[PDB]
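Here's the structure, in C-alpha cells; my notes come after.
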Amino acid sequence: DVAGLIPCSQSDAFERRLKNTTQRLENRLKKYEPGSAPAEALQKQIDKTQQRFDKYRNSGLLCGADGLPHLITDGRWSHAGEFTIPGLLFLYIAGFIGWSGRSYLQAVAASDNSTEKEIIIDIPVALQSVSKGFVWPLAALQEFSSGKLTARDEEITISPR
Amino acid sequence: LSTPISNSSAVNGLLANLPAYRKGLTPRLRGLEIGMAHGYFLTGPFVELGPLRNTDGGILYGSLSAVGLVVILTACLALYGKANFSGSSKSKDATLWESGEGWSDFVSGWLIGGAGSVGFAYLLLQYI
Amino acid sequence: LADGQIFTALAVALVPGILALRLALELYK
Amino acid sequence: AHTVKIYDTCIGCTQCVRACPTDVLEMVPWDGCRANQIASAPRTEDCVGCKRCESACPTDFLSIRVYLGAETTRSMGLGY
Amino acid sequence: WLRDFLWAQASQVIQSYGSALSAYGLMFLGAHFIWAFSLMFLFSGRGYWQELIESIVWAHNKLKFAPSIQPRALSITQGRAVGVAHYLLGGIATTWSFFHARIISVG
Amino acid sequence: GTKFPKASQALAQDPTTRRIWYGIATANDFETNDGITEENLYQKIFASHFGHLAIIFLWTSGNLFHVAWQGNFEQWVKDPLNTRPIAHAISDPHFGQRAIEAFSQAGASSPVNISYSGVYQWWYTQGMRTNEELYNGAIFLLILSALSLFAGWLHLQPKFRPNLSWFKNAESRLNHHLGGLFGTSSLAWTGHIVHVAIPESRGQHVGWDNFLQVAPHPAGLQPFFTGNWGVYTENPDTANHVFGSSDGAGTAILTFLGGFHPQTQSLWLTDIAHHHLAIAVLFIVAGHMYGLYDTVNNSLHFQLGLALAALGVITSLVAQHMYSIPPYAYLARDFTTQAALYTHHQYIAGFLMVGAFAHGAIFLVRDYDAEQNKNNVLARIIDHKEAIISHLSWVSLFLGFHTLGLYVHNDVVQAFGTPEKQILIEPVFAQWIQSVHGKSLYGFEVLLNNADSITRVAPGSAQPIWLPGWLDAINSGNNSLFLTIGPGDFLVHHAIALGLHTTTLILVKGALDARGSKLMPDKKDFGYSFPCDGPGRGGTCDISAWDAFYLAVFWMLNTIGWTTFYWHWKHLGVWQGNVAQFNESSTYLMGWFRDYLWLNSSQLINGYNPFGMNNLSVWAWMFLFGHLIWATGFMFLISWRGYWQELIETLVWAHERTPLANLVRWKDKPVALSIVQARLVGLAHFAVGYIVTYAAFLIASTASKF
Amino acid sequence: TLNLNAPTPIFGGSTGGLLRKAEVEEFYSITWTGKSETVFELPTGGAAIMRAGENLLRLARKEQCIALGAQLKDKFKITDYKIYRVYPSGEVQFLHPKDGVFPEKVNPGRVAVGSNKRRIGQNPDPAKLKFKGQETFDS
Amino acid sequence: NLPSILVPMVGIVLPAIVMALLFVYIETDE
Ligand code: CLA
Ligand code: CLA
Ligand code: CLA
Ligand code: CLA
Ligand code: CLA
Ligand code: CLA
Ligand SMILES: CC1=C(/C=C/C(C)=C/C=C/C(C)=C\C=C\C=C(C)\C=C\C=C(C)\C=C\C2=C(C)CCCC2(C)C)C(C)(C)CCC1
Ligand SMILES: CC1=C(C/C=C(\C)CCC[C@H](C)CCC[C@H](C)CCCC(C)C)C(=O)c2ccccc2C1=O
Ligand code: SF4
Ligand code: SF4
Ligand code: SF4
C-alpha cells in the first residue's frame with residue numbers, strides 16, 4: 001500500500017485481464033477443430049498467460065487501478081525483488097566485460113601491430129579477460145588505491161585553453 | 001550559342017522589328033507600343049477569371065483589376081529607373097536599356113500605352 | 001465605444017508618429 | 001579580399017603553393033638559415049578561400065592559415 | 001490529402017496492438033523513429049562530433065585505455081550517406097506497414 | 001563600393017546579393033560597426049532599449065485599443081462563464097459569404113476572433129469593468145511610448161549623453177532597481193489591489209472621479225502609525241461570496257486565507273496584495289548595501305548572458321506556477337486559455353536559456369582574456385573542462401538508452417496482447433513529496449499527512465494559517481494543484497531530464513569549445529560565426545560555436561515540446577474528468593500516437609472539407625501552413641550552398657541570352673545563401689513551423705471539445 | 001605581351017562560357033605553344049583542339065586558367081602556359097609567372113609578404129585588441 | 001467604414017512605398 005496501491009491478489013481489475021484474454025482466445029477456439037494444431041496452439045496460449053497471472057498474484061505485487069502491476073523503487077527490502085537484485089545482476093556482469101576491455105588493451109597495445117589484434121582479436125587473451133573479468137569488483141580496489149585506475153593530468157591529452 | 005534560332009532570318013526580322021530593338025522609335029513612343037501591347041491582353045485573364053466573374057460588372061471589375069497591375073508596373077518600370085540608373089551612369093553601348101537617356105518619359109509611355117489599352121479594350125467585350 | 005473617441009486616439013498616435021521617425025534617424029545618426 | 005597569412009613554422013615543402021587553384025601563393029627564401037624557404041602571398045586578391053592550401057601543409061599545426069574576409073567578385077567565384 | 005486519406009487510413013495501424021496485424025503497428029512506429037534519426041546526421045556536420053570525441057576519448061585516457069584505433073567521426077559524404085540510407089529506411093517502411101494493415105482489413 | 005550597408009564597411013564593397021542579406025544580419029550587431037568606440041556603443045544601447053520599451057507598451061496598447069473598440073469586455077464581465085473573449089474584428093477582403101458566416105461567432109455580427117491570451121481574466125481581477133477603462137490604458141501607453149522615444153532621443157543629444165562611468169556603475173544599478181524598479185512597484189501594486197481591485201470585486205466602483213475620497217478600509221491609517229497592523233485582518237469574504245459583487249462581500253484588504261476562492265478557483269485578491277507588499281520590503285532593504293566584478297562589468301555579453309539566464313529561469317517558473325496556482329478569476333476554467341499561456345511562456349523560457357549560453361560563447365571568443373582571468377573561478381572550469389563535458393555526455397547516453405528502452409519494452413508487450421508485461425515504475429520519490437506537502441492521496445503519512453508534526457502545528461509563534469485553505473485544495477481533485485501521477489508521469493519526467501541534459505551539454509560544450517579544441521586550436525581568431533575550416537583534417541562542417549547553438553535549438557524545441565506535449569495530454573482528461581485514458585496509455589509511445597496526436601486532431605483537420613467549413617478553418621489552414629514551412633526548413637538544412645550556386649549560374653546565363661529580357665539587368669549579382677546563412681534560414685523555417693504546427697493544433701483541439 | 005590577335009582553337013560551342021562579366025571588366029587570356037594537334041578538355045565544356053601555336057583562349061576566371069594548364073602539365077607536358085589579364089576591360093597583365101620562374105620553384109628577389117614572426121599557439125586573444133582596428137592575426 | 005479602407009492601405013499601399021523607399025536605400029551609393 002505504498003501509494004494507495006492494492007495488492008494483485010485483491011486487485012479486482014487485474015484478475016479481470018485473465019478473464020479477458022482467454023475469452024478472446026476462446027472466440028478463436030470455438031470456430032476451429034479442437035484437435036487441430038491451431039487448438040494445441042490455442043490451449044497453450046491460455047496456459048502460458050495463466051502462470052504469468054499466477055506469478056504476479058503470488059509475488060505480492062502491487063497492481064494499480066488499471067489492473068496492471070507497477071514497480072516500486074525507494075529501495076526497501078519488502079520491495080527489493082522489483083529492482084535491487086535484478087539491478088545488481090546487471091552490475092556484476094557489466095564490470096566483467098568492463099574489465100575485459102580495461103585489461104585486454106594494456107597488453108596488446110604493447111605489441112608491433114597493436115591495432116590488428118583489435119581487428120583480428122587473439123582468442124588467447126580474450127578468454128583470459130573472461131577469467132580476468134570475473135575478479136572485477138576486487139581487482140580495481142588495489143588499482144585506485146595505488147593510483148593505476150587513473151592518471152595524472154600531465155599524461156592525458158587535453159584541449160587547449 | 002550559335003545555332004539555329006538565335007541565327008535564323010525569321011527571328012532576326014521579328015526581334016529587330018519590335019519596339020525594344022527598333023532603331024527609329026523614341027522612348028515615349030517605343031515605351032508606348034511596348035505599353036500598348038502588354039496592357040491590351042492584361043484585361044483578358046481578369047474578365048474571364050477573377051474573384052467574381054458571373055456579374056455585371058465582371059468586365060468592369062475585371063478591367064479595373066487590369067489597370068491595377070499597370071500602376072504597379074509604372075512603379076516597377078520607374079524603380080528599374082531609380083536603381084539601375086542612379087546618377088545616370090553610362091555604359092559601353094548606351095541604348096534605351098543600357099543607360100537611361102529616355103527613361104523619364106518611358107515610364108509614362110507605358111502609362112499612356114498600358115492604361116490606354118484597357119481604356120481601349122473595355123469597349124470591345126463589355127460594349128459594342 | 002464611440003466614433004469620436006476612435007479619432008482622438010488616432011490623433012494622439014501622431015505623437016509617437018514623429019519621434020520614431022526622428023529616433024530611428026537619430027539611431028542612424 | 002580574403003586574408004592569407006604564412007607563419008614561420010613552414011618546412012618549405014612547397015605543397016601548399018601547388019595546392020592553390022588560383023596561384024595565390026609562392027615560395028620565397030628564408031633568412032634564418034638561407035637554406036629554408038617560406039611561402040609568400042603576393043596575390044591575395046585572387047584567393048577564393050577554398051582552403052585547399054592549408055590541407056597540403058604536412059606540419060602538426062599548419063603554418064599557412066586562411067581567414068576569410070570581405071567578399072569581392074574574384075573571391076566569390078562568379079562567372080558573372 | 002491529409003483528412004480524407006492520411007487521417008482516415010492511418011487508423012488501421014494504430015488500433016492494431018494485440019492483433020495478428022501488430023508488427024505492422026510496430027513498424028509504422030519503428031520507421032517514424034529512424035526517419036527522425038537521420039536528421040541527427042543530415043542537419044548536422046562532422047566537426048562538431050570529432051570535437052566531441054575529444055571529450056569522449058578523454059574519459060578513456062583519464063582511465064588509461066584510450067584505444068589504438070583512434071575513435072573517429074564519420075566523413076562528410078558518409079554522414080550524408082548514413083543520413084539518407086536511414087531516411088529511406090524510414091519513409092518506405094513507414095508506408096510498408098501502413099499499406100499492409102489498411103488493405104488487409106477493409107480491402 | 002556602395003553606401004549600403006552603413007554599419008558594415010566591408011559588406012559595402014561586395015557587388016553581389018550577399019551584401020543585402022548580411023547587411024541585415026550585421027546591422028544591429030553594433031560590436032562590429034566601423035570606427036566604433038566603447039562610449040558611443042553604451043549610449044546607443046540605452047536608446048535602443050527605449051525603442052523596445054515603446055514597442056512592448058504599444059503592443060499592450062494594441063492589446064488594449066482593439067479590445068475596447070471591438071471586443072466584448074463589458075459584455076464579458078457580466079457572465080464570464082459562457083462568453084468568448086473577442087480579440088479583434090476580421091477585415092479580410094478575400095473572405096466569402098460562408099467564411100463570414102462561420103467567423104461571425106462569439107455572439108458578434110461581423111467576423112471576429114475568439115481571444116485566448118487571458119487578458120480579459122487578468123484585467124477583470126485588476127479592477128477593470130467597462131470598455132472605457134480599457135480605452136484609458138491604450139491612450140496612456142501611447143504617450144509613454146512617445147515619452148520613451150523622446151527620452152531615447154534625449155539621452156543621445158550632446159548635452160545629455162552620459163559618460164562611460166555612469167553606464168558601468170553596476171552596484172548602483174542593482175541598488176536603484178531593487179529599490180525603485182522592484183521595491184516601489186511591488187508595494188504600489190499591493191496599493192492598487194487594495195485601493196481599486198478589491199472594492200470592484202466587492203461591488204464598489206472606484207474610479208479617478210472618486211479615488212481620493214473613498215478609503216480602502218473604514219478606519220485605516222490610525223492603526224498604521226500606532227503599529228496596530230492587525231485591524232486589516234478584519235472580516236474576509238465568506239464561501240458563499242459571488243466575485244465582483246456585494247452578496248457575501250467582506251471588508252479585509254490584507255489576508256492569509258490560502259487555497260482558492262470556491263467560485264472562481266483562483267487566488268484571493270487580499271492574498272495577492274500581502275505577498276507583493278512583503279516581497280517589496282525585502283528588495284528595498286537589500287538595495288541599500290553598496291576580481292570577477294572587473295570581468296562581469298567589461299563584457300556586455302556576460303551581463304546579458306546572465307540576464308537571459310535570469311530571464312530564462314523565471315520564464316519557466318511563470319509557466320509552472322500559473323497552471324498549478326491560478327491567479328485570475330475563471331482562468332482555471334478557460335482551458336484553451338490555460339493551454340496557450342503555459343505553452344507560450346515555456347517556449348520563451350527555452351529560447352532565453354539557450355540564448356544565455358549563446359551569448360556566453362560570444363563572450364568567450366571576444367571578451368574572455370586568459371591573462372586577466374587567472375587563478376579565479378572562471379578559468380578553473382576551463383581547467384577540468386574535458387571532465388565536465390565527458391561526464392555530462394555519459395548521463396545523456398545513460399538516460400536515453402534506458403528511458404527509450406522502457407517505452408519500447410511496454411509497446412512490444414502491449415502489441416502482443418499482454419499489457420500486464422509492461423514495465424511501470426511508480427514515481428515514489430515524487431509521490432513522497434506531495435505527501436510531504438500534505439497530499440494525503442498517496443498515504444505516506446509523514447509531514448502534514450502527519451497530523452501531529454511540528455510543521456503543521458507550528459508551536460513557535462502560532463503562524464501557520466495558510467494550512468486550512470491549502471489542505472482542502474490539496475486533497476480535492478478539482479484543480480491542478482499537485483496533479484495525480486502514475487507510470488506515465490515517471491517516464492516523461494526522465495525524458496524531460498534527458499531533454500534537459502542533452503540540451504545543456506551542447507550549449508555548455510559550445511561555449512567551452514568556442515575558443516578551441518584539438519581539431520581547431522585557433523577557432524577564436526575567426527570570430528563566433530564562420531562556415532567551417534574546409535574538407536581537410538577529415539572534414540570540419542558544423543565546427544563553429546554558432547553551429548553548436550544551432551544544433552541545440554533543435555534539441556530545445558524537442559525538449560520544450562515534450563513538456564508541452566505532456567502538459568497538454570494530461571490536462572485533456574482532467575478537463576474532461578476522465579483521467580483514466582491518459583493514466584494507462586501514456587506509459588507506451590503508441591498511446592501518445594493513438595490517444596494524443598491522432599485522437600485530438602479529429603476536429604482540427606476537419607475545419608473545412610468538401611461538405612462545408614467551420615470556425616476552425618484558419619487553424620486547419622495554419623496547421624497545414626506550419627507543416628509546409630517546417631518542411632521548407634529541411635531544404636536549406638540538407639542541401640548545401642555549392643549545389644545551388646552552380647544551379648544559379650545556368651539561370652544567369654539563360655537570362656543574359658534571352659532576347660526581350662537580356663535588355664534588363666540585376667544590380668546585385670545573384671548568389672546562393674551562405675553556409676551559415678542556410679543553417680539559420682533552415683532552422684528559422686523549421687522552428688516557426690514547429691510552433692505554428694503546435695499553435696494551430698493546441699488551440700483548435702481544445703476550443704472544440706472544452 | 002599578349003600579341004593579340006592569336007589563333008583560337010577550333011572549338012565551336014560553349015553555352016558555358018564568357019557572358020557579360022567579360023566585356024565590362026576582367027576577363028582572361030591563356031597563351032601557350034602546344035606541341036601537337038591533340039584534343040583536350042576545356043573548363044567550359046570539353047574539347048577544343050590545341051594548335052601548333054601561339055595557342056590562345058579567352059576565359060572568364062583566373063581559376064579557370066589554372067586548371068587548364070595543370071592539365072597541360074599533366075596530360076600534355078606543355079610547360080609554356082602563360083596566363084594573363086586583359087587591357088582596359090581587365091586589370092593587370094601577366095600575373096603568372098610573376099617572377100619569370102615557376103612559383104613552386106623558389107626565387108630570391110621575391111618579397112616575404114604575410115610572413116609572420118610568431119607561432120599560432122602564441123596567438124593573442126581579441127581582448128588584447130578589443131575595440132581596436134588591429135586584426136587578431138596581423139603583424 | 002473604418003477597416004474597409006485601412007487594411008488595404010497598411011497591407012497593400014504601405015508596402016508599395018516602404019519597399020520603394022527601401023529599394024532606393026539598398027541600391028544607392030555615395
Ligand atoms: C500557382 C497556381 C495558381 C493558379 C493558376 C491560380 C489561378 C487563379 N487564382 Mg489563385 N492562388 C494561388 C495559386 C494559383 N491560383 C496561390 C499560391 C494563392 C495564395 C495562397 C492563391 C490565392 C488566390 C486568391 C485570394 C484569389 C485567387 C484567384 C485566382 C484566379 C484569378 C487570378 C488572376 O486573375 O490572375 C491574373 C493573371 C495574370 C495577370 C497572368 C496569368 C499568366 C499568363 C496568362 C501567362 C502568359 C504566358 C503565355 C501563355 C506564354 C507566352 C505567350 C506567347 C504568345 C509569347 C485564377 C483562377 C482569385 C479567385 O477568386 O479565384 C477564382 C482570387 O480572389 N488565388
Ligand atoms: C569495451 C571497452 C570499453 C570500456 C572499458 C569503455 C569505458 C567507458 N566508456 Mg566507452 N565506448 C566503447 C568502449 C569502451 N568504453 C565503445 C566500443 C564505444 C562505441 C559504442 C564507446 C562509446 C562511449 C560513449 C559515447 C561514452 C563512453 C563512456 C565510457 C566510460 C563510462 C562507462 C560507460 O557507461 O560506457 C558507455 C557504454 C556504451 C556507450 C555502450 C557499450 C559500448 C560497447 C557497445 C561495448 C562493446 C564491448 C565489446 C563487445 C567487448 C569486446 C570483447 C573483447 C574485449 C573480449 C567508461 C570509461 C562514457 C563517458 O564518457 O563517461 C564519462 C560515454 O559517454 N563510451
Ligand atoms: C541517472 C539519471 C537520472 C536523472 C537525471 C533522474 C532525474 C529525475 N528523477 Mg529519476 N531515477 C533514476 C535516474 C535518474 N533520475 C534511477 C536510476 C531510478 C531508479 C530506477 C530513478 C527513480 C526515480 C523515481 C521513483 C522518481 C525519480 C524522479 C526524478 C526527477 C526528480 C528528482 C528526483 O527525485 O531524484 C531522485 C534521485 C535519484 C533517483 C538518484 C540519482 C540517480 C542515480 C545517479 C542513478 C544511479 C543508479 C544506480 C547505480 C543503480 C544501482 C541500484 C542498486 C543500488 C540497488 C528527476 C527528473 C522523481 C519524479 O518523477 O518527480 C517528478 C521520482 O518520483 N527517479
Ligand atoms: C538570391 C536571391 C536574390 C535577391 C534577394 C535579389 C534581389 C534583387 N534583385 Mg535579383 N536576381 C536574382 C537573385 C536575387 N536578387 C536571380 C537568381 C536572378 C535571375 C538571374 C536575378 C535577376 C534580376 C534582374 C534582371 C533584376 C533583379 C533585381 C533585384 C532587386 C529588386 C527586386 C526585384 O526586382 O524582384 C522582382 C520580383 C520578382 C521577379 C517576383 C515576381 C513577381 C510576380 C510578377 C508577382 C508580383 C506581382 C504582385 C501584383 C505583387 C504586388 C505587391 C504589391 C501590391 C504590394 C533586388 C535587390 C532588379 C534590380 O537589380 O534593379 C536594378 C532587376 O532589374 N534581379
Ligand atoms: C501595436 C500593436 C497593434 C497590432 C498588432 C494591431 C493590429 C491591427 N490593427 Mg490596430 N491599432 C493599434 C495597435 C495595433 N494594431 C493602436 C495602438 C491603434 C490606435 C492608434 C490602432 C488603431 C486601429 C484602427 C482604427 C484599425 C486597426 C486595425 C488593425 C488590424 C489590421 C491592420 C491595420 O489596419 O492597422 C492600422 C493601425 C493603426 C491605424 C495604428 C497602429 C499603431 C501601432 C502602435 C503601430 C505598431 C507598428 C508595429 C510596431 C510595426 C512593426 C512592423 C515594422 C517594424 C516592419 C490589425 C489586427 C484595423 C482593424 O481593426 O481591422 C479589423 C482598423 O480599422 N488598428
Ligand atoms: C494584406 C493585404 C491585402 C488586401 C487588403 C487584399 C485585397 C484583395 N485581394 Mg489580395 N493578396 C494579398 C494581399 C491583400 N489582398 C497577398 C499578399 C496575395 C498573395 C498571396 C494576394 C493574392 C490575391 C489574388 C490572386 C487576388 C487577390 C484579390 C484581392 C481583392 C478581392 C476583392 C475584389 O477585387 O473585388 C472586386 C473589385 C475589383 C476587382 C476592383 C479591383 C480594384 C483594384 C484592386 C485596384 C484598382 C486600382 C486602384 C484604383 C488604385 C490602386 C489600388 C490598389 C493598389 C489596391 C481584394 C482587394 C483578387 C483581385 O481581385 O485582384 C485584383 C485576386 O484575384 N489577392
Ligand atoms: C541506493 C539505491 C538507489 C540509488 C543509487 C544511487 C544514487 C547510486 C549512485 C551512484 C553513485 C553516486 C556512485 C558514485 C560514483 C562516482 C564515480 C566517481 C564513479 C566512477 C566509476 C568508475 C571509476 C568506474 C570504474 C570501472 C569499473 C568499476 C569497471 C569497468 C571499468 C571502469 C573503469 C569503467 C536506487 C534508488 C537506484 C535503488 C534503490 C537503492
Ligand atoms: C552523431 C554523429 C557522428 C558520430 C557517430 C559515429 C562516429 C558513429 C558511432 C556509432 C557506431 C554505430 C558505433 C559502432 C559500434 C561498434 C562497432 C560496436 C562493436 C560491438 C560489437 C559487438 C559489434 C558523426 O561522426 C557525424 C559525422 C558527420 C555528420 C554527422 C555526424 C553525427 O551526427
Ligand atoms: S604548406 Fe605549410 S608546411 Fe607546406 S611549404 Fe607551405 S608553409 Fe611550409
Ligand atoms: S585560400 Fe584557396 S585560393 Fe587562396 S591560396 Fe588557399 S587554397 Fe588557394
Ligand atoms: S562546405 Fe560544408 S562540408 Fe564542405 S568544408 Fe565547408 S562546412 Fe564542411
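Numbering starts fresh at 1 for the residues of each chain in the C-alpha cells, the chains themselves are lettered A, B, ... in the order given, and ligands are numbered from 1 as they appear.
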Could the residues of chain F within 6 Å of chain H, counting only C-alpha atoms, be given as a PyMOL selection string, please? chain F and resi 2-4
Could you take the residues named above and write them with N, CA and C atoms, as a PDB file, in the first residue's frame?
```pdb
ATOM      1  N   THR F   2      29.381  50.630 -52.674  1.00  0.00           N
ATOM      2  CA  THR F   2      28.127  51.334 -52.472  1.00  0.00           C
ATOM      3  C   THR F   2      28.054  51.836 -51.029  1.00  0.00           C
ATOM      4  N   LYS F   3      27.128  52.756 -50.767  1.00  0.00           N
ATOM      5  CA  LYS F   3      26.898  53.297 -49.432  1.00  0.00           C
ATOM      6  C   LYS F   3      26.212  52.309 -48.493  1.00  0.00           C
ATOM      7  N   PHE F   4      25.411  51.400 -49.018  1.00  0.00           N
ATOM      8  CA  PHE F   4      24.726  50.442 -48.166  1.00  0.00           C
ATOM      9  C   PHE F   4      25.501  49.126 -48.149  1.00  0.00           C
TER      10      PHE F   4
END
```
Just the residues within 12 Å of residue 55 in chain D, please, counting only C-alpha atoms, with nothing from its chain fewer than 2 positions along; format it as a PDB file with N, CA and C atoms, in the first residue's frame.
```pdb
ATOM      1  N   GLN D  15      54.131  22.212 -50.973  1.00  0.00           N
ATOM      2  CA  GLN D  15      52.841  21.576 -51.286  1.00  0.00           C
ATOM      3  C   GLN D  15      51.682  22.560 -51.377  1.00  0.00           C
ATOM      4  N   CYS D  16      51.590  23.480 -50.419  1.00  0.00           N
ATOM      5  CA  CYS D  16      50.551  24.493 -50.356  1.00  0.00           C
ATOM      6  C   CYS D  16      50.490  25.293 -51.638  1.00  0.00           C
ATOM      7  N   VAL D  17      51.619  25.869 -52.074  1.00  0.00           N
ATOM      8  CA  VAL D  17      51.694  26.648 -53.319  1.00  0.00           C
ATOM      9  C   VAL D  17      51.096  25.871 -54.496  1.00  0.00           C
ATOM     10  N   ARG D  18      51.401  24.576 -54.577  1.00  0.00           N
ATOM     11  CA  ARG D  18      50.926  23.723 -55.654  1.00  0.00           C
ATOM     12  C   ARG D  18      49.539  23.165 -55.396  1.00  0.00           C
ATOM     13  N   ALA D  19      48.902  23.556 -54.300  1.00  0.00           N
ATOM     14  CA  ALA D  19      47.553  23.128 -53.989  1.00  0.00           C
ATOM     15  C   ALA D  19      46.556  24.217 -54.338  1.00  0.00           C
ATOM     16  N   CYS D  20      46.986  25.480 -54.272  1.00  0.00           N
ATOM     17  CA  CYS D  20      46.162  26.648 -54.553  1.00  0.00           C
ATOM     18  C   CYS D  20      45.633  26.584 -55.978  1.00  0.00           C
ATOM     19  N   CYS D  50      39.172  28.686 -50.733  1.00  0.00           N
ATOM     20  CA  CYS D  50      38.866  27.263 -50.853  1.00  0.00           C
ATOM     21  C   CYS D  50      39.521  26.433 -49.769  1.00  0.00           C
ATOM     22  N   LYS D  51      40.644  26.921 -49.236  1.00  0.00           N
ATOM     23  CA  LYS D  51      41.444  26.292 -48.185  1.00  0.00           C
ATOM     24  C   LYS D  51      42.122  25.009 -48.652  1.00  0.00           C
ATOM     25  N   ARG D  52      42.249  24.809 -49.976  1.00  0.00           N
ATOM     26  CA  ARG D  52      42.994  23.656 -50.480  1.00  0.00           C
ATOM     27  C   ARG D  52      44.450  23.722 -50.044  1.00  0.00           C
ATOM     28  N   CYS D  53      44.967  24.947 -49.907  1.00  0.00           N
ATOM     29  CA  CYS D  53      46.325  25.254 -49.495  1.00  0.00           C
ATOM     30  C   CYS D  53      46.646  24.674 -48.132  1.00  0.00           C
ATOM     31  N   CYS D  57      49.736  21.429 -46.124  1.00  0.00           N
ATOM     32  CA  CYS D  57      50.829  21.560 -45.171  1.00  0.00           C
ATOM     33  C   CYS D  57      50.916  20.290 -44.326  1.00  0.00           C
ATOM     34  N   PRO D  58      52.067  19.614 -44.288  1.00  0.00           N
ATOM     35  CA  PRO D  58      52.213  18.370 -43.514  1.00  0.00           C
ATOM     36  C   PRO D  58      52.383  18.557 -42.017  1.00  0.00           C
ATOM     37  N   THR D  59      52.892  19.706 -41.593  1.00  0.00           N
ATOM     38  CA  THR D  59      53.220  20.009 -40.208  1.00  0.00           C
ATOM     39  C   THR D  59      52.039  19.913 -39.252  1.00  0.00           C
ATOM     40  N   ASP D  60      52.337  19.384 -38.065  1.00  0.00           N
ATOM     41  CA  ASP D  60      51.362  19.217 -36.999  1.00  0.00           C
ATOM     42  C   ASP D  60      51.126  20.610 -36.462  1.00  0.00           C
ATOM     43  N   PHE D  61      50.009  21.189 -36.911  1.00  0.00           N
ATOM     44  CA  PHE D  61      49.565  22.568 -36.744  1.00  0.00           C
ATOM     45  C   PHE D  61      50.196  23.561 -37.692  1.00  0.00           C
ATOM     46  N   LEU D  62      49.554  23.540 -38.858  1.00  0.00           N
ATOM     47  CA  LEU D  62      49.687  24.256 -40.115  1.00  0.00           C
ATOM     48  C   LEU D  62      50.396  25.590 -39.961  1.00  0.00           C
ATOM     49  N   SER D  63      51.206  25.925 -40.944  1.00  0.00           N
ATOM     50  CA  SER D  63      51.923  27.183 -40.958  1.00  0.00           C
ATOM     51  C   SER D  63      51.239  28.213 -41.833  1.00  0.00           C
ATOM     52  N   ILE D  64      50.371  27.801 -42.747  1.00  0.00           N
ATOM     53  CA  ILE D  64      49.615  28.753 -43.543  1.00  0.00           C
ATOM     54  C   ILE D  64      48.152  28.629 -43.147  1.00  0.00           C
ATOM     55  N   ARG D  65      47.535  29.768 -42.848  1.00  0.00           N
ATOM     56  CA  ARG D  65      46.156  29.822 -42.394  1.00  0.00           C
ATOM     57  C   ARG D  65      45.414  30.885 -43.188  1.00  0.00           C
ATOM     58  N   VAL D  66      44.223  30.533 -43.657  1.00  0.00           N
ATOM     59  CA  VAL D  66      43.394  31.439 -44.441  1.00  0.00           C
ATOM     60  C   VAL D  66      42.180  31.867 -43.630  1.00  0.00           C
TER      61      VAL D  66
ATOM     62  N   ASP F 533      36.202  24.957 -41.663  1.00  0.00           N
ATOM     63  CA  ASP F 533      37.639  25.018 -41.885  1.00  0.00           C
ATOM     64  C   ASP F 533      38.068  24.112 -43.034  1.00  0.00           C
ATOM     65  N   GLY F 534      37.171  23.898 -43.987  1.00  0.00           N
ATOM     66  CA  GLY F 534      37.426  23.113 -45.168  1.00  0.00           C
ATOM     67  C   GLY F 534      37.327  21.614 -44.968  1.00  0.00           C
ATOM     68  N   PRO F 535      37.407  20.872 -46.078  1.00  0.00           N
ATOM     69  CA  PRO F 535      37.330  19.409 -46.021  1.00  0.00           C
ATOM     70  C   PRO F 535      38.594  18.741 -45.517  1.00  0.00           C
ATOM     71  N   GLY F 536      39.635  19.515 -45.217  1.00  0.00           N
ATOM     72  CA  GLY F 536      40.865  18.956 -44.712  1.00  0.00           C
ATOM     73  C   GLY F 536      40.709  18.508 -43.281  1.00  0.00           C
ATOM     74  N   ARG F 537      41.741  17.791 -42.814  1.00  0.00           N
ATOM     75  CA  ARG F 537      41.815  17.212 -41.466  1.00  0.00           C
ATOM     76  C   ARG F 537      40.614  16.314 -41.179  1.00  0.00           C
ATOM     77  N   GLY F 538      40.110  15.658 -42.232  1.00  0.00           N
ATOM     78  CA  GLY F 538      38.969  14.782 -42.123  1.00  0.00           C
ATOM     79  C   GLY F 538      37.634  15.417 -42.453  1.00  0.00           C
ATOM     80  N   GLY F 539      37.495  16.730 -42.279  1.00  0.00           N
ATOM     81  CA  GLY F 539      36.240  17.400 -42.551  1.00  0.00           C
ATOM     82  C   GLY F 539      35.871  18.237 -41.352  1.00  0.00           C
ATOM     83  N   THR F 540      35.384  19.460 -41.560  1.00  0.00           N
ATOM     84  CA  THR F 540      35.114  20.324 -40.416  1.00  0.00           C
ATOM     85  C   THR F 540      33.738  20.975 -40.360  1.00  0.00           C
TER      86      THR F 540
END
```
Selection within 9 Å of ligand 8 by only C-alpha atoms and all ligand atoms, output as an MDAnalysis selection string: (chainID E and resid 38:50 52:53 71:80 82:83) or (chainID F and resid 539:542)
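As for atom 27 (C, counted along the ligand's line) of ligand 5 and CA of residue 6 in chain C, they are spaced 10.0 Å apart.
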Taking the chain letters and numbering used in this document, name the residues of chain D that DSSP puts in alpha helix (DSSP H), as a PyMOL selection string. chain D and resi 52-56
May I have the residues from that selection written out with N, CA and C atoms, as a PDB file, in the first residue's frame?
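Below you can see selection20.pdb, which holds the result:
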```pdb
ATOM      1  N   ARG D  52      42.249  24.809 -49.976  1.00  0.00           N
ATOM      2  CA  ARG D  52      42.994  23.656 -50.480  1.00  0.00           C
ATOM      3  C   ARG D  52      44.450  23.722 -50.044  1.00  0.00           C
ATOM      4  N   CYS D  53      44.967  24.947 -49.907  1.00  0.00           N
ATOM      5  CA  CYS D  53      46.325  25.254 -49.495  1.00  0.00           C
ATOM      6  C   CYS D  53      46.646  24.674 -48.132  1.00  0.00           C
ATOM      7  N   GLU D  54      45.907  25.093 -47.094  1.00  0.00           N
ATOM      8  CA  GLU D  54      46.066  24.606 -45.724  1.00  0.00           C
ATOM      9  C   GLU D  54      46.036  23.090 -45.598  1.00  0.00           C
ATOM     10  N   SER D  55      45.309  22.400 -46.473  1.00  0.00           N
ATOM     11  CA  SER D  55      45.277  20.949 -46.442  1.00  0.00           C
ATOM     12  C   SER D  55      46.596  20.324 -46.862  1.00  0.00           C
ATOM     13  N   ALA D  56      47.421  21.041 -47.617  1.00  0.00           N
ATOM     14  CA  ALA D  56      48.664  20.489 -48.125  1.00  0.00           C
ATOM     15  C   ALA D  56      49.829  20.593 -47.152  1.00  0.00           C
TER      16      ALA D  56
END
```
May I ask you to write as an MDAnalysis selection string all residues lying at most 9 Å from ligand 1, with only C-alpha atoms and all ligand atoms counted? (chainID B and resid 41:53 62 65:66 69) or (chainID F and resid 93:95)
